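Visitor: Got a structure for you, final_37.pdb, holding PDB, C-alpha atoms (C1' of nucleotides).
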```pdb
ATOM      1  CA  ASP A   1      57.460 -40.295  -4.143  1.00  0.00           C
ATOM      2  CA  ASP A   2      54.507 -41.163  -1.918  1.00  0.00           C
ATOM      3  CA  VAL A   3      51.967 -38.397  -1.268  1.00  0.00           C
ATOM      4  CA  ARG A   4      50.210 -40.578   1.340  1.00  0.00           C
ATOM      5  CA  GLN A   5      53.455 -40.506   3.352  1.00  0.00           C
ATOM      6  CA  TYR A   6      53.368 -36.715   3.767  1.00  0.00           C
ATOM      7  CA  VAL A   7      49.788 -36.139   4.962  1.00  0.00           C
ATOM      8  CA  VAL A   8      49.265 -33.308   7.466  1.00  0.00           C
ATOM      9  CA  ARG A   9      47.937 -35.066  10.546  1.00  0.00           C
ATOM     10  CA  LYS A  10      45.745 -33.370  13.148  1.00  0.00           C
ATOM     11  CA  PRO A  11      46.069 -34.174  16.872  1.00  0.00           C
ATOM     12  CA  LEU A  12      43.092 -34.415  19.222  1.00  0.00           C
ATOM     13  CA  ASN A  13      43.599 -34.025  22.975  1.00  0.00           C
ATOM     14  CA  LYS A  14      40.333 -33.638  24.899  1.00  0.00           C
ATOM     15  CA  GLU A  15      40.025 -34.595  28.562  1.00  0.00           C
ATOM     16  CA  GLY A  16      38.037 -37.704  29.426  1.00  0.00           C
ATOM     17  CA  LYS A  17      38.860 -39.403  26.111  1.00  0.00           C
ATOM     18  CA  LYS A  18      41.862 -41.092  24.545  1.00  0.00           C
ATOM     19  CA  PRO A  19      44.221 -38.703  22.718  1.00  0.00           C
ATOM     20  CA  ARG A  20      43.904 -39.569  19.040  1.00  0.00           C
ATOM     21  CA  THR A  21      44.973 -38.214  15.665  1.00  0.00           C
ATOM     22  CA  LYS A  22      42.809 -37.728  12.578  1.00  0.00           C
ATOM     23  CA  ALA A  23      43.861 -37.512   8.949  1.00  0.00           C
ATOM     24  CA  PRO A  24      41.673 -36.352   6.056  1.00  0.00           C
ATOM     25  CA  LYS A  25      40.486 -38.510   3.200  1.00  0.00           C
ATOM     26  CA  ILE A  26      42.852 -37.655   0.362  1.00  0.00           C
ATOM     27  CA  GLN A  27      41.169 -36.562  -2.868  1.00  0.00           C
ATOM     28  CA  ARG A  28      42.490 -36.998  -6.424  1.00  0.00           C
ATOM     29  CA  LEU A  29      44.575 -39.923  -5.195  1.00  0.00           C
ATOM     30  CA  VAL A  30      45.312 -42.747  -7.606  1.00  0.00           C
ATOM     31  CA  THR A  31      44.096 -46.034  -6.129  1.00  0.00           C
ATOM     32  CA  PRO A  32      43.338 -49.472  -7.588  1.00  0.00           C
ATOM     33  CA  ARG A  33      39.635 -48.553  -7.692  1.00  0.00           C
ATOM     34  CA  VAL A  34      39.937 -45.588 -10.082  1.00  0.00           C
ATOM     35  CA  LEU A  35      42.149 -47.712 -12.327  1.00  0.00           C
ATOM     36  CA  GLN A  36      39.554 -50.492 -12.241  1.00  0.00           C
ATOM     37  CA  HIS A  37      36.885 -47.951 -13.220  1.00  0.00           C
ATOM     38  CA  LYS A  38      39.071 -46.776 -16.121  1.00  0.00           C
ATOM     39  CA  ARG A  39      39.545 -50.370 -17.279  1.00  0.00           C
ATOM     40  CA  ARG A  40      35.784 -50.897 -17.053  1.00  0.00           C
ATOM     41  CA  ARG A  41      35.126 -47.841 -19.236  1.00  0.00           C
ATOM     42  CA  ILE A  42      37.583 -49.007 -21.905  1.00  0.00           C
ATOM     43  CA  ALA A  43      35.997 -52.474 -21.714  1.00  0.00           C
ATOM     44  CA  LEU A  44      32.568 -50.935 -22.373  1.00  0.00           C
ATOM     45  CA  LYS A  45      34.022 -49.298 -25.480  1.00  0.00           C
ATOM     46  CA  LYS A  46      35.451 -52.679 -26.542  1.00  0.00           C
ATOM     47  CA  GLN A  47      32.098 -54.464 -26.335  1.00  0.00           C
ATOM     48  CA  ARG A  48      30.325 -51.604 -28.116  1.00  0.00           C
ATOM     49  CA  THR A  49      32.684 -51.811 -31.103  1.00  0.00           C
ATOM     50  CA  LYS A  50      32.471 -55.608 -31.130  1.00  0.00           C
TER      51      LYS A  50
ATOM     52  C1'   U B   1     -51.494 -41.914 -11.847  1.00  0.00           C
ATOM     53  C1'   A B   2     -51.299 -37.051 -18.265  1.00  0.00           C
ATOM     54  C1'   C B   3     -56.278 -35.983 -10.743  1.00  0.00           C
ATOM     55  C1'   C B   4     -57.753 -31.476  -8.721  1.00  0.00           C
ATOM     56  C1'   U B   5     -60.723 -27.473  -4.522  1.00  0.00           C
ATOM     57  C1'   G B   6     -62.307 -22.346  -4.187  1.00  0.00           C
ATOM     58  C1'   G B   7     -62.842 -16.825  -5.603  1.00  0.00           C
ATOM     59  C1'   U B   8     -66.766 -11.655  -9.976  1.00  0.00           C
ATOM     60  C1'   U B   9     -73.489 -12.817 -10.574  1.00  0.00           C
ATOM     61  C1'   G B  10     -80.143 -12.157  -7.530  1.00  0.00           C
ATOM     62  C1'   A B  11     -79.251 -16.899  -9.858  1.00  0.00           C
ATOM     63  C1'   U B  12     -76.770 -20.045 -14.916  1.00  0.00           C
ATOM     64  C1'   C B  13     -72.673 -20.584 -18.230  1.00  0.00           C
ATOM     65  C1'   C B  14     -67.935 -18.471 -20.002  1.00  0.00           C
ATOM     66  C1'   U B  15     -63.069 -15.657 -20.981  1.00  0.00           C
ATOM     67  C1'   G B  16     -59.599 -14.649 -17.414  1.00  0.00           C
ATOM     68  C1'   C B  17     -56.220 -14.163 -13.590  1.00  0.00           C
ATOM     69  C1'   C B  18     -55.661 -15.233  -8.502  1.00  0.00           C
ATOM     70  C1'   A B  19     -55.545 -18.317  -3.760  1.00  0.00           C
ATOM     71  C1'   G B  20     -55.118 -23.324  -2.011  1.00  0.00           C
ATOM     72  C1'   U B  21     -52.101 -28.055  -3.697  1.00  0.00           C
ATOM     73  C1'   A B  22     -47.083 -31.011  -4.904  1.00  0.00           C
ATOM     74  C1'   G B  23     -41.472 -30.915  -5.764  1.00  0.00           C
ATOM     75  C1'   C B  24     -36.599 -28.127  -5.439  1.00  0.00           C
ATOM     76  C1'   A B  25     -33.763 -24.508  -2.907  1.00  0.00           C
ATOM     77  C1'   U B  26     -32.085 -20.911   0.789  1.00  0.00           C
ATOM     78  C1'   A B  27     -33.424 -18.702   5.390  1.00  0.00           C
ATOM     79  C1'   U B  28     -35.940 -18.923   9.915  1.00  0.00           C
ATOM     80  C1'   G B  29     -39.515 -20.478  13.945  1.00  0.00           C
ATOM     81  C1'   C B  30     -41.078 -24.142  17.442  1.00  0.00           C
ATOM     82  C1'   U B  31     -39.794 -29.204  18.867  1.00  0.00           C
ATOM     83  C1'   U B  32     -36.419 -33.229  19.228  1.00  0.00           C
ATOM     84  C1'   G B  33     -35.190 -40.332  22.294  1.00  0.00           C
ATOM     85  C1'   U B  34     -31.812 -44.143  19.161  1.00  0.00           C
ATOM     86  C1'   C B  35     -28.744 -45.382  14.861  1.00  0.00           C
ATOM     87  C1'   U B  36     -26.277 -44.956   9.485  1.00  0.00           C
ATOM     88  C1'   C B  37     -24.522 -41.726   5.610  1.00  0.00           C
ATOM     89  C1'   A B  38     -23.738 -36.852   5.009  1.00  0.00           C
ATOM     90  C1'   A B  39     -23.778 -30.706   2.734  1.00  0.00           C
ATOM     91  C1'   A B  40     -21.574 -26.825   5.248  1.00  0.00           C
ATOM     92  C1'   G B  41     -18.544 -17.954   4.490  1.00  0.00           C
ATOM     93  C1'   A B  42     -20.788 -19.443  -2.931  1.00  0.00           C
ATOM     94  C1'   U B  43     -24.943 -15.591  -3.123  1.00  0.00           C
ATOM     95  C1'   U B  44     -23.815  -9.643   0.226  1.00  0.00           C
ATOM     96  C1'   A B  45     -17.476  -7.736   0.254  1.00  0.00           C
ATOM     97  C1'   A B  46     -11.981 -11.224  -6.173  1.00  0.00           C
ATOM     98  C1'   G B  47     -13.870  -6.943   1.318  1.00  0.00           C
ATOM     99  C1'   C B  48      -9.862  -6.540   5.182  1.00  0.00           C
ATOM    100  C1'   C B  49      -6.621  -9.763   8.024  1.00  0.00           C
ATOM    101  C1'   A B  50      -3.873 -10.555  14.697  1.00  0.00           C
ATOM    102  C1'   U B  51      -1.440 -15.505  15.568  1.00  0.00           C
ATOM    103  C1'   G B  52       0.262 -20.639  14.532  1.00  0.00           C
ATOM    104  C1'   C B  53       0.776 -24.133  10.809  1.00  0.00           C
ATOM    105  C1'   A B  54       0.432 -25.215   5.049  1.00  0.00           C
ATOM    106  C1'   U B  55       7.480 -27.702   1.044  1.00  0.00           C
ATOM    107  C1'   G B  56      10.936 -29.920   1.825  1.00  0.00           C
ATOM    108  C1'   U B  57      14.654 -33.646   0.772  1.00  0.00           C
ATOM    109  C1'   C B  58      20.404 -38.862   1.764  1.00  0.00           C
ATOM    110  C1'   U B  59      21.639 -43.678  -0.184  1.00  0.00           C
ATOM    111  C1'   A B  60      26.628 -49.056  -0.047  1.00  0.00           C
ATOM    112  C1'   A B  61      27.110 -45.409  -4.300  1.00  0.00           C
ATOM    113  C1'   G B  62      28.875 -36.368  -4.946  1.00  0.00           C
ATOM    114  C1'   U B  63      31.867 -33.526  -0.805  1.00  0.00           C
ATOM    115  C1'   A B  64      33.122 -35.633   6.619  1.00  0.00           C
ATOM    116  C1'   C B  65      40.207 -33.659   9.678  1.00  0.00           C
ATOM    117  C1'   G B  66      32.701 -30.628  14.087  1.00  0.00           C
ATOM    118  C1'   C B  67      36.083 -36.036  19.417  1.00  0.00           C
ATOM    119  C1'   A B  68      29.271 -34.521  18.456  1.00  0.00           C
ATOM    120  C1'   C B  69      30.282 -39.694  19.528  1.00  0.00           C
ATOM    121  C1'   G B  70      33.167 -44.092  18.683  1.00  0.00           C
ATOM    122  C1'   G B  71      36.917 -49.818  17.827  1.00  0.00           C
ATOM    123  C1'   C B  72      41.701 -50.207  15.960  1.00  0.00           C
ATOM    124  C1'   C B  73      47.191 -50.958  15.167  1.00  0.00           C
ATOM    125  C1'   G B  74      49.708 -48.237  15.727  1.00  0.00           C
ATOM    126  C1'   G B  75      53.741 -44.866  10.037  1.00  0.00           C
ATOM    127  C1'   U B  76      48.735 -48.502   8.096  1.00  0.00           C
ATOM    128  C1'   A B  77      45.155 -41.410   3.789  1.00  0.00           C
ATOM    129  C1'   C B  78      39.896 -42.588   4.797  1.00  0.00           C
ATOM    130  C1'   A B  79      36.620 -47.967  10.381  1.00  0.00           C
ATOM    131  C1'   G B  80      31.615 -46.759  11.532  1.00  0.00           C
ATOM    132  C1'   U B  81      27.574 -43.327  13.141  1.00  0.00           C
ATOM    133  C1'   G B  82      26.958 -38.280  11.972  1.00  0.00           C
TER     134        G B  82
END
```
Here is a file; write its structure as structure tokens.

Guide:
Amino acid sequence: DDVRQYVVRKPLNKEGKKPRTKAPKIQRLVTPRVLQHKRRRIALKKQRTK
RNA sequence: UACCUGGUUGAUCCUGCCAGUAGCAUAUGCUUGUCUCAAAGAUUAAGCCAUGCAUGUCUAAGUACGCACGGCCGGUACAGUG
């Protein structure tokens, strides 16, 4: 199930500006970038043994 | 430039120290147009201190839901500045 689906969103309704909603940056979220970093670390191990 | 002048005796020479003389430091006095460098609360009290300042710091790369601002496109977690 998707954690990013269920984020607690915060409204923002101040006069003189457009009413908008903010959401936080989710931490400890698996993304392609952390997986790419993991692959890079294992690659560094590979070249060191070679 | 390895230089001298004077002072004891009625007069001569000498030992001898002193005064003058030149440099360096500090202080001070009088005077003082221009320009270039430039020391400067050590000496006496490592005495005592009013007030202000003398040490802070962010990149693409630790943490951003402060609308403090700010475009989306709209379920697009997080634009970006901060």

Visitor: For chain A, which residue out of B:30, B:72, B:40, B:65 is the nearest one, using only C-alpha atoms (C1' of nucleotides)?

Guide: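 Checking each candidate against chain A, we get B:65 as the closest.
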
Visitor: Would you translate the PyMOL selection byres ((chain A) within 10 of (chain B)) into the concrete set of residues it matches in this file, as a list in words?

Guide: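 This file gives the following for the PyMOL selection byres ((chain A) within 10 of (chain B)): residues 3, 4, 5, 6, 7, 8, 9, 10, 11, 12, 13, 14, 17, 18, 19, 20, 21, 22, 23, 24, 25, 26, 27 and 29 of chain A.
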
Visitor: Go ahead and compute the interatomic distance for atom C1' of residue B:60 and atom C1' of residue B:81, in Å to one decimal.

Guide: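 Calculated distance between atom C1' of residue B:60 and atom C1' of residue B:81 is 14.4 Å.
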
Visitor: For atom CA of residue A:41 and atom CA of residue A:1, quote the distance in Å rounded to one decimal.

Guide: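 For atom CA of residue A:41 relative to atom CA of residue A:1, the distance reads 28.0 Å.
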
Visitor: Using atom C1' of residue B:56 and atom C1' of residue B:82 as the two end points, give the distance in Å to one decimal.

Guide: 20.7 Å

Visitor: As a PDB file, in the coordinates of the input, could you write out stretch 21-35 of chain A once it has been completed with N, CA and C atoms?

Guide:
```pdb
ATOM      1  N   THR A  21      44.610 -39.052  16.796  1.00  0.00           N
ATOM      2  CA  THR A  21      44.973 -38.214  15.665  1.00  0.00           C
ATOM      3  C   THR A  21      44.109 -38.564  14.462  1.00  0.00           C
ATOM      4  N   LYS A  22      43.557 -37.542  13.813  1.00  0.00           N
ATOM      5  CA  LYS A  22      42.809 -37.728  12.578  1.00  0.00           C
ATOM      6  C   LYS A  22      43.630 -37.292  11.378  1.00  0.00           C
ATOM      7  N   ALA A  23      43.323 -37.900  10.239  1.00  0.00           N
ATOM      8  CA  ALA A  23      43.861 -37.512   8.949  1.00  0.00           C
ATOM      9  C   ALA A  23      42.701 -37.404   7.972  1.00  0.00           C
ATOM     10  N   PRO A  24      42.773 -36.489   7.011  1.00  0.00           N
ATOM     11  CA  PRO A  24      41.673 -36.352   6.056  1.00  0.00           C
ATOM     12  C   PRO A  24      41.683 -37.462   5.022  1.00  0.00           C
ATOM     13  N   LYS A  25      40.541 -37.636   4.362  1.00  0.00           N
ATOM     14  CA  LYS A  25      40.486 -38.510   3.200  1.00  0.00           C
ATOM     15  C   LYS A  25      41.076 -37.767   2.013  1.00  0.00           C
ATOM     16  N   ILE A  26      42.116 -38.342   1.411  1.00  0.00           N
ATOM     17  CA  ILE A  26      42.852 -37.655   0.362  1.00  0.00           C
ATOM     18  C   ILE A  26      42.087 -37.756  -0.949  1.00  0.00           C
ATOM     19  N   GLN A  27      41.861 -36.616  -1.592  1.00  0.00           N
ATOM     20  CA  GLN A  27      41.169 -36.562  -2.868  1.00  0.00           C
ATOM     21  C   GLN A  27      42.154 -36.450  -4.023  1.00  0.00           C
ATOM     22  N   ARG A  28      41.676 -36.830  -5.214  1.00  0.00           N
ATOM     23  CA  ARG A  28      42.490 -36.998  -6.424  1.00  0.00           C
ATOM     24  C   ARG A  28      43.724 -37.849  -6.150  1.00  0.00           C
ATOM     25  N   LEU A  29      43.514 -38.977  -5.489  1.00  0.00           N
ATOM     26  CA  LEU A  29      44.575 -39.923  -5.195  1.00  0.00           C
ATOM     27  C   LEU A  29      44.374 -41.152  -6.064  1.00  0.00           C
ATOM     28  N   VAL A  30      45.425 -41.562  -6.770  1.00  0.00           N
ATOM     29  CA  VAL A  30      45.312 -42.747  -7.606  1.00  0.00           C
ATOM     30  C   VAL A  30      45.345 -43.991  -6.728  1.00  0.00           C
ATOM     31  N   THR A  31      44.371 -44.858  -6.938  1.00  0.00           N
ATOM     32  CA  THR A  31      44.096 -46.034  -6.129  1.00  0.00           C
ATOM     33  C   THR A  31      43.784 -47.146  -7.113  1.00  0.00           C
ATOM     34  N   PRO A  32      43.794 -48.410  -6.676  1.00  0.00           N
ATOM     35  CA  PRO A  32      43.338 -49.472  -7.588  1.00  0.00           C
ATOM     36  C   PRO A  32      41.901 -49.322  -8.065  1.00  0.00           C
ATOM     37  N   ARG A  33      41.041 -48.635  -7.308  1.00  0.00           N
ATOM     38  CA  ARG A  33      39.635 -48.553  -7.692  1.00  0.00           C
ATOM     39  C   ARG A  33      39.417 -47.625  -8.885  1.00  0.00           C
ATOM     40  N   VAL A  34      40.116 -46.486  -8.941  1.00  0.00           N
ATOM     41  CA  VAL A  34      39.937 -45.588 -10.082  1.00  0.00           C
ATOM     42  C   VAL A  34      40.504 -46.224 -11.346  1.00  0.00           C
ATOM     43  N   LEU A  35      41.584 -46.991 -11.196  1.00  0.00           N
ATOM     44  CA  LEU A  35      42.149 -47.712 -12.327  1.00  0.00           C
ATOM     45  C   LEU A  35      41.205 -48.806 -12.802  1.00  0.00           C
TER      46      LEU A  35
END
```
